[PDB]
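Enquirer: Residue numbers (UniProt numbering), protein chains in the order written: chain A, 2 to 233; chain B, 2 to 525; chain C, 2 to 525; chain D, 2 to 525.
From the three backbone atoms N, C-alpha and C, an ideal C-beta is built for every residue, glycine too.
One structure, pasted below without further comment.
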Amino acid sequence: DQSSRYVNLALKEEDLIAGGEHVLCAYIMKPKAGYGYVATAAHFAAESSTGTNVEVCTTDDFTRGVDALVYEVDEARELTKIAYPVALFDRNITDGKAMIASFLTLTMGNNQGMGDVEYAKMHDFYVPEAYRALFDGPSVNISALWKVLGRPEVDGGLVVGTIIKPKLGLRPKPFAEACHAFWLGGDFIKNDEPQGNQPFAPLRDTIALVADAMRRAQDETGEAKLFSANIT
Amino acid sequence: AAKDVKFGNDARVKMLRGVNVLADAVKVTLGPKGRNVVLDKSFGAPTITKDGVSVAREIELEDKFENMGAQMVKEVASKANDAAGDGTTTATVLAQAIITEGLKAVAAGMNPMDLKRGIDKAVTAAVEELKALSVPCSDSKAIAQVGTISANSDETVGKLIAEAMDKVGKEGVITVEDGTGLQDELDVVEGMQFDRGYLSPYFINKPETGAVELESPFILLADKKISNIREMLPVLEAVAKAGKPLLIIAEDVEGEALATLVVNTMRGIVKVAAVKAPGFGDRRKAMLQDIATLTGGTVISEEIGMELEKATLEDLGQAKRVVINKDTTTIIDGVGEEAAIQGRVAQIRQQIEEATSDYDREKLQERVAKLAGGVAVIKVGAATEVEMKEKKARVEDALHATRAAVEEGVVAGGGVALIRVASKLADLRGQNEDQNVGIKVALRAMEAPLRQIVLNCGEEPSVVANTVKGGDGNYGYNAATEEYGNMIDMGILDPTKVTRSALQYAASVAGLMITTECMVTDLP
Amino acid sequence: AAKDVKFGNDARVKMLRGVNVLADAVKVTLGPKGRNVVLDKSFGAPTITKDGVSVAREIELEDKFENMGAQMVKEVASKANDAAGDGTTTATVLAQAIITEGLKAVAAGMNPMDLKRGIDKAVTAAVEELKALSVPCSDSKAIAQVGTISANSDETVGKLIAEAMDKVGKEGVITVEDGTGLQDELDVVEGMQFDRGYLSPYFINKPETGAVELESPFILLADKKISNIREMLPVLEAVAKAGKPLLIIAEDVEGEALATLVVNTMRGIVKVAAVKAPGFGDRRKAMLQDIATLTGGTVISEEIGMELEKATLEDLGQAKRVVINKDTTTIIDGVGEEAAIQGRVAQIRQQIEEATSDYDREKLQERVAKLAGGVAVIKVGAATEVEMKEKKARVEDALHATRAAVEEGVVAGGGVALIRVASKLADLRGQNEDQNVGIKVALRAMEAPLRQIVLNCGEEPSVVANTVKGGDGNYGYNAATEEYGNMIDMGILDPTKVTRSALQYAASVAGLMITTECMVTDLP
Amino acid sequence: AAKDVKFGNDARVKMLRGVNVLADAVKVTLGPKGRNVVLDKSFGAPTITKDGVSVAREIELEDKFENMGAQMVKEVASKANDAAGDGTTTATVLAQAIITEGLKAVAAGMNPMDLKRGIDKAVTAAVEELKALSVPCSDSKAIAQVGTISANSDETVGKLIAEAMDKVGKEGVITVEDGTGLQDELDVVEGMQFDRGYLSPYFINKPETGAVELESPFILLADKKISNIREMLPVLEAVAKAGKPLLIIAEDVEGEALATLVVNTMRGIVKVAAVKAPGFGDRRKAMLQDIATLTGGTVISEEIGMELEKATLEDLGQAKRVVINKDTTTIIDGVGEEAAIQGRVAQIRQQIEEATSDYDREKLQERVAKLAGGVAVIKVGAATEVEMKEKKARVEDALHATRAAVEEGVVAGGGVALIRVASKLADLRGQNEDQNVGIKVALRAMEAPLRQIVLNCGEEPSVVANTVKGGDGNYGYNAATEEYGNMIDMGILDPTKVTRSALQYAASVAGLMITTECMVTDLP
Ligand SMILES: Nc1ncnc2c1ncn2[C@@H]1O[C@H](COP(=O)(O)OP(=O)(O)O)[C@@H](O)[C@H]1O
Ligand SMILES: Nc1ncnc2c1ncn2[C@@H]1O[C@H](COP(=O)(O)OP(=O)(O)O)[C@@H](O)[C@H]1O
Ligand SMILES: Nc1ncnc2c1ncn2[C@@H]1O[C@H](COP(=O)(O)OP(=O)(O)O)[C@@H](O)[C@H]1O
Ligand SMILES: [Mg+2]
Ligand SMILES: [Mg+2]
């Protein structure tokens, strides 16, 4: 909450971006009617950081370091650009890379529980040039998939995958067989979004059965393949 | 969280202590021999202020029942500042006086609702008497006076404000912001001005000025980005055939088109400049239509089906001169027409009726000022930041107070107007005895502003109060000179709008508070 | 968490201490000389209120057993506010009166279940006597008193509500919202209107009005987004051949179609305007069918398989006049017919009877009001938010009381209606002596509201209670002027539904409370 | 969180206790027999320093009401440094003297605003006489004295800075940076130099010094990366025909072209060197345009519709010599015309007047220096790091003091100027007797600097203050040698700008604080 101190349009985008002083998020944000836009954008920046709701204290009032700030705002183009202190994104112990739980918590999640923001679609952001290497960061990605597929680590291109036909209700081993069949085809698959431990096809048997189907399909094709288990 | 509850005098006693703490803090800012309050803000240096509402906003007490009292009278200081800027302490001092008498009246066993109805009747009559006392304020001397008094007797501010409102006229907008010199300065902006500069240095034809100046240019008004020179070629050809220069006003000029224009101008084939449109969104559209109206030009837009490939010198507007800088553009004597301007001004003035948002209304006021007046900046000169922030706040009050005088008139200051009206209502009566005492509460408490003004001098208030009530008309006591005289000839004036507002809102909150019988709050 | 448990008299005494705290906070609000309660809300300014339930919701005690006492009788305030919206303080006092005397009967060794059965019998019969005393209320003068009385003796709200109910009529809807002036003002909306404005300014044909006006227009009700004007051409061709203007109502018009209409309007070939359909979801489709029905048009949808290329001026609706603004659309005299509208109203009337939610019932009443009546908005005027938020809650009180009176009639206020029924039941007896005492507790408690109303005035309650019981008929004590008279002649009226409500809910809770033998709760 | 508030003498005493704690921490550093202060820092060695304001920044009291006093006088100590470099302790002593005498005078009952106006008048009159007392400083010896005194009697610094200013001339830029030896050393850089080296080692043609040197070279100023040798071929062909060596300055040279130049240079086909352009952004284009101006070349750039393939030997600049190293490039005697260069200087000098940002002004000042004046670096010699920072902080002061002397003159130091002007204003009077006390308050406190200078020596201060007032003119007391004499002949001079500044900013802050009547801050 609050707009005071949260309006900080004096912050230069150059030191924020190229100086890396802040993570910089550009929102197409529209308030609800009658709210002050800059207050909403600044108030949205508070939700995008410390919260600072009704009151903040540390046995002796105040709290002022954690705040993510609006640094460009312009009501009629619906633009809300918010600069976030790098301290907001606490480092994960596994790698020293910032927990993205914070970032979502501070952009498109608990911060969006603000109601007088009608919407705040982030169209873009920036992350500090150096500390970017210490954002949570995809230690595995397409480039590592290429590597396990035996492709070059540069432009290993399309890792082919499917949504298993015919989507829901396909039992684990028919689903695994559809994965096998697909993996007599291409490279990659996911579980469906309801195909967690839901009783129509739980994860463990499906993933056990799908994993066998992958090895079978690999053995029958001579090329590596991949499955995406619905851990949700 | 479990609540705590109190009843009756054990409740009301807690309430009164709260109000007294806040009011006692605020009182000391009152009048010309008042003193400053220092406010702690942990972010930086403390801020010294005389601004009543600034002090009132911070006060909030530890003991929860005590805190509740301060939080109520905080409402009156906020609104009076929101309603009319100046007047905040006087409204507070009035509100505290009525509360203390009301608890006095309730302890005598009056029914509190009849007291409220009594108070509301006295205020209703008192406002009508103030409207009868008001006399017009209509010249620089009267305006310079009220400016001086609101500035806390700083004649330089009063003089300066009279000049500023004279130059920009009643439709003009006046503003104040932090200067750099050791003395004040007045800048007046005339014609149209907006915060967009040249898009490249090479347009600069007067590098000694550091600026672009063009004589009798065409002005093009493109409602979109400019992307390829192909969209403009016939215009530059048509302009080149006419030989006069051209100003592009557009949402953007992309580098290749821009560079091609930069090339052609430096090599002298045709003389051109380009600027981004001011603002954004719908207000940009309005402002683009405003400049078109002022220049007599036409807004080129695809929503009406126009094409730059079909634009002509009839669609472009004109002006006698334009000047553009690294950051700034000005258009001098646009070739619009008066009937169109007043019609356009009438539209915006009607929109000013529709603008419920005050900030947006100010923007509409700025837009009409651009079309029909000027804009001025007062630069505050002071040696130090703790004085910059003090001096600035006094100029703020002087601007609001001078504004408030012109539309409603002025009355003798020093509270003597509010003393006089209290003598006229002496025949007013209620339906029942409880309403009579409720009426009398108002007539007694209205003396409180003069009493506090004098008390800050260390004079004896009741001795002066007795003699001022013995006076006639505008006879009153001047606390600066410590002698009596005619307030109009002595130049001590108050805007009728602030004095009337300070009473109305004060009686509103107090008229409730005397009726409080129970309070519920969380255990500490 | 380990609980603490108590048994027998130790439980009941702590529970009784709980109820009295919540009761004593509300009681002080009762009657015309009641007093305000101040409610703390740390997230903003404290709330000043006279509303019983608004105080009752805030009470929560630290002692877990005392917390149970407040938390039990709080049910009565919530149910009374939902069922009738007025009388909650009255309903609370009756509940607290029965509980105290009931526990007294338990301490005498009476079997609690016979008190419950005895109480329930007496209250059941008492409601039958209220059906006999109620008289119809059916004129503007009668309604104005119950409004004024429930408003706490303010005629202006009563006079205003008496006008509002007359203008919108029996099926109309009335609403109250925060104004900005000091005076109250009543707005009334004729015909059907909804909060959608012009999709562009270029439709504006009254630029000074900021509005679109078209006469005898066709109205198109497209149940889809209008994408390509090639879809519109055969309809627009027919309209252009007719030369009459057309209003488009659609789920959207995309820019190429919209812009082409904007182009076509500027050059004056056909007068057209486009607006979003009101609402969203199936109610949007319903409102489109309603607009069609009111206008005599037909809804065009791909669900039925009709298509714009096949639509005709026979499918389009018509009306005598339409007006649209930046935010608002209204239709004047649709070419619908009384039989079709009434049949549609019957469908919605069946839906209102079927509506399990008052929100749905509200959303249903709005459309029949738009179809067959109108809507009124009362904007409350006040000088400040605390008074504003106070004032509105008293207007709300009158608006439900006036509604409640029209469907149930009125009886003399001041509790005297309860006194007169408390005499008629004196012959009632039960199956056993414990039930006879159960009757006696109830018949004794119905005197409690009058005694509190007197006590808040500072008068001796039993002297007034004796002198009223010595009278007959509507003879009662006028607490506003401290005299006896006919309450119907004095205009002091309560809606029969609130009194009949306040009993039944109060006796339902209090008749359970006293059978409590044990309490279990978590240790502190 | 809950505030605490205090009024009147209880607040004012707590305020005064705060100021004196900060003042005594600063007081001990004043004058030639002053002593060092040890400042704690959480992450390293304690910093030994003599600089007054550097102590003043660290002070921060535990008691909030005391803390507010210190945190205000820190503001005058900071600003006096920002305005003038040296002159912090003097401003802090003057402020603390007036506040004590002002608050002392307030206890007598005088109106604080008449005191404020009285002080403000005295300071305003005093500045006029100081502007009259100031005398020109021009010769190297006079500059050497003010350098010596500011250095705290380290004559070597005055001699060294006097030579540095003599070599670079009054347009030049002098800076100080860490050395490594015991001795202070002066490095003067002349012509143009910028911090980019050879892009590859293989260009090195004097490996006996790791250096590239070229004589009468052509210089290419490429505004963009060099990426395809066909960009260069036509120039390289023409350069090869001329046979003179070539220097490339470019945004970059890609490996293909760069390595191909390495091949052609190693094999001796063309004498070529390439360097990265200095910096980035518009400052690069500006700096490149400066080099073009100095060299008579042209910035080959797309914005002017030019291509490297179209550039010619007429477009390349020339200079007598260039030298480039691993990290540094220098250009000797560019062929640019003095009138063109002078005009460019006038452009950049005009930018200095418009540049409000001081950091930009140094950037602009370096470019006018490197075009038209010397660049100098002073390397401070010290035996160890804690001695390094101390010694460095004294050298830093001699620059600001010597610079300050050149533009505004000097007056007799040792506070004597303040003593002499105090004797002239004794006839000054105000509007009222409280203002008369206000005039006399200021004229009293101006002795406070001299008394501390003597008291830090341990001499009896009021004796020396009497004898100095017994003398006339530049007669004064030389605290370094415990004898009276003419301050001009001993060279104890202070810049007028620093003495005048310390008085103004002290009076500005002190005159506000003594009007304090209330303070509000958080409970501990
Ligand atoms: N020279 C003076 N003599 C007597 N009263 C004065 C004089 N100058 C100003 N006043 C009074 O000071 C009162 C306080 O107004 P102001 O200083 O603006 O504080 P606020 O408006 O916040 O109460 C005004 O009613 C004004 O008439
Ligand atoms: N002038 C009056 N004389 C006697 N009784 C009155 C008068 N005005 C109101 N009442 C009584 O006060 C009660 C209504 O007060 P109210 O604050 O609305 O309580 P509740 O919230 O329970 O409705 C009713 O019983 C009504 O008859
Ligand atoms: N030999 C001296 N005799 C008398 N006064 C001196 C002597 N040397 C320096 N001073 C004075 O000491 C005062 C403070 O100088 P300095 O310590 O540089 O100020 P700061 O501590 O603010 O840098 C000046 O008024 C200066 O003239
Ligand atoms: Mg009620
Ligand atoms: Mg010094």
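Which residue's Cα is closest to the Cα of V396 of chain B: B:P33, B:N153, B:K42 and B:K321?
Expert: Comparing Cα positions, the closest option is B:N153.
Enquirer: Taking the continuous alpha helix (DSSP H) assigned at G103 of chain C, which residues delimit it?
Expert: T89 to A108 is the span of the alpha helix (DSSP H), which, as asked, contains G103 of chain C.
Enquirer: Could you tell me whether any non-hydrogen atom of ligand 7 is closer than 6 Å to the CB of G88 of chain D?
Expert: As far as ligands go, the structure on display features ligand 1, ligand 2, ligand 3, ligand 4 and ligand 5 and does not contain ligand 7.
Enquirer: Check the Cβ of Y506 of chain D against every Cβ in chain B and list those closer than 7 Å, keeping chain order.
Expert: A384 and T385, listed in chain order.
Enquirer: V442 of chain B: which of B:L429, B:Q453 and B:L451 sits nearest, CA to CA?
Expert: Checked all of B:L429, B:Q453 and B:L451; the closest Cα to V442 of chain B is B:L429.
Enquirer: DSSP on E214 of chain B, reduced to helix/strand/coil?
Expert: In the structure shown, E214 of chain B sits in a strand (DSSP, three-state: E or B).
Enquirer: Got a sec: which bits of the region 102-115 of chain D sit with their beta carbon under 9 Å from any beta carbon on chain B, in order along the chain?
Expert: Hits within the stretch, in order: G110, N112, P113 and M114.
Enquirer: What residues in the region 76-103 of chain D bring their beta carbon closer than 9 Å to a beta carbon of chain B?
Expert: Of all residues in the region 76-103 of chain D, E76, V77 and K80 have a Cβ within less than 9 Å of some Cβ in chain B.
Enquirer: Please name the residues in the region 2-27 of chain D whose beta-carbon is closer than 7 Å to at least one beta-carbon of chain B, in chain order.
Expert: Listed by position along the chain: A3, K4 and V6.
Enquirer: In this structure, how does DSSP classify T330 of chain B when only helix, strand and coil are distinguished?
Expert: In the structure shown, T330 of chain B sits in a strand (DSSP, three-state: E or B).
Enquirer: Quick one: which chain C residues come within Cβ less than 9 Å of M520 of chain B?
Expert: Those are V38, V39, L40, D41 and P47, listed as they occur along chain C.
Enquirer: Would you check whether ligand 2 has a heavy atom nearer than 6 Å to the C-beta of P33 of chain C?
Expert: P33 of chain C: yes, Cβ under 6 Å from ligand 2.
Enquirer: Taking only beta-carbon atoms, is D283 of chain B less than 7 Å away from chain A?
Expert: For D283 of chain B, the answer is yes, since a Cβ of chain A falls inside 7 Å of its Cβ.
Enquirer: Indicate, with yes or no, if ligand 2 has a heavy atom lying under 6 Å from the CB of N479 of chain C.
Expert: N479 of chain C: yes, Cβ under 6 Å from ligand 2.
Enquirer: Can you tell me the Cβ-Cβ gap for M114 of chain D and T516 of chain D, rounded? I've got them flagged as a contact below 8 Å.
Expert: Between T516 of chain D and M114 of chain D the Cβ distance is about 7 Å, and since that is below 8 Å, they are a contact.
Enquirer: So which residues of chain B does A77 of chain A contact, with C-beta pairs closer than 8 Å?
Expert: Here the neighbours are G280, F281, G282, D283, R284 and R285.
Enquirer: Let me see if you follow: with CB-CB separation under 7 Å, is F63 of chain A close to chain B or not?
Expert: By this cut-off, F63 of chain A is an interface position.
Enquirer: Taking the alpha carbon of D398 of chain C as the point to measure from, which residue in C:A123, C:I150 and C:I120 has its own alpha carbon closest?
Expert: For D398 of chain C, the nearest C-alpha among the options comes from C:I150.
Enquirer: Report buried or exposed for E186 of chain C, applying the criterion of at least 16 other Cβ atoms within 10 angstroms of its Cβ.
Expert: By the neighbour-count rule (16 or more Cβ atoms within 10 Å), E186 of chain C is not buried but exposed.
Enquirer: Decide if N68 of chain B is buried, meaning its Cβ has at least 16 other Cβ atoms within 10 Å, or exposed.
Expert: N68 of chain B comes out buried.
Enquirer: For a quick check, are the C-beta atoms of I175 of chain B and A163 of chain B less than 7 Å apart?
Expert: Going by C-beta atoms, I175 of chain B is not nearer than 7 Å to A163 of chain B.
Enquirer: Which of helix, strand or coil does DSSP assign to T294 of chain C?
Expert: Correct three-state label for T294 of chain C: helix.
Enquirer: My assumption, with CB atoms under 8 Å, is that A251 of chain D sits in contact with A293 of chain D. Please give the rounded CB distance.
Expert: The Cβ separation is near 13 Å, so there is no contact.
Enquirer: Apart from the five residues on each side of it in sequence, which residues of its chain come closer than 8 Å, Cβ to Cβ, to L513 of chain D?
Expert: If we look at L513 of chain D and ignore the five residues flanking it on each side, its Cβ neighbours are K117.
Enquirer: Sorry if obvious, but does the Cβ on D291 of chain C come closer than 6 Å to a heavy atom of ligand 2?
Expert: Checking the Cβ of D291 of chain C against ligand 2 gives no.
Enquirer: Considering only the alpha carbon of each residue, which of D:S201, D:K168, D:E354 and D:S509 lies closest to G256 of chain D?
Expert: With distances taken between Cα atoms, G256 of chain D lies closest to D:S201.
Enquirer: Starting from the C-beta of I230 of chain D, find all residues in its chain whose C-beta is less than 6 Å away, skip the five residues before and the five after it, and write them out in chain order.
Expert: Answer for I230 of chain D: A258 and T261, listed in chain order.
Enquirer: Just list the residues that DSSP pairs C26 of chain A with in beta bridges.
Expert: Answer is A:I83 and A:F126.
Enquirer: Terminal residues of the continuous alpha helix (DSSP H) containing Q184 of chain B?
Expert: No alpha helix (DSSP H) contains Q184 of chain B, which DSSP labels as neither H nor E.
Enquirer: Taking only beta-carbon atoms, is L289 of chain D less than 7 Å away from chain B?
Expert: By this cut-off, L289 of chain D is not an interface position.
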